[PDB]
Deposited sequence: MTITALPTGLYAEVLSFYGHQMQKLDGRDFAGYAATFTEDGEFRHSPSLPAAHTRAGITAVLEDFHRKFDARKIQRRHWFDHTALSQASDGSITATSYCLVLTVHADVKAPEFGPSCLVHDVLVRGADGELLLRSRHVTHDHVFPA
């Protein structure tokens, strides 16, 4: 049940990000949420995560898609859920049917539960397979 719940969490989360719902995407993080886009320092809090998303977005006629695969879960000692997933970024250009691909990434997530049973992302660290 937990595995399907995390996949569903990721499904809604990524569709917000790719739909330019940067505030909704940040809302899936804890309020002290930690996000490292690349090995620039990590962004902190939802407002910080939102700012980082806008800035890396200005470079983008463009429709981005963040595909996930092979999510692997494990329980930490503090009740947190460690998640590691593959991610492949698609960049779709207007009137060009073939997307261009890259980067291929590893997504290191720390998930938490809480009083109301809902999951939230404490931290996300993204590494690039070509780096």
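- Stretches of the deposited sequence left without coordinates are 1-8, 48, 70-72, 144-146, in sequence order.
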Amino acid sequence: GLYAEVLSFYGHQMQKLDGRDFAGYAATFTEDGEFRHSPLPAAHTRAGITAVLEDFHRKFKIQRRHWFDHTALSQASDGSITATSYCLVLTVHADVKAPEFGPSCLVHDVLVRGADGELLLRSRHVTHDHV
From here on, numbers count along this sequence of modelled residues.
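- In this entry, 69-77 has the higher mean Cα B-factor, the comparison being between 99-107 and 69-77.
- A summary of the deposited B-factors shows that, of 80-88 and 40-48, the stretch with the larger mean C-alpha value is 40-48.
- Split the chain's modelled residues into thirds by C-alpha temperature factor. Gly11 is in the lowest one.
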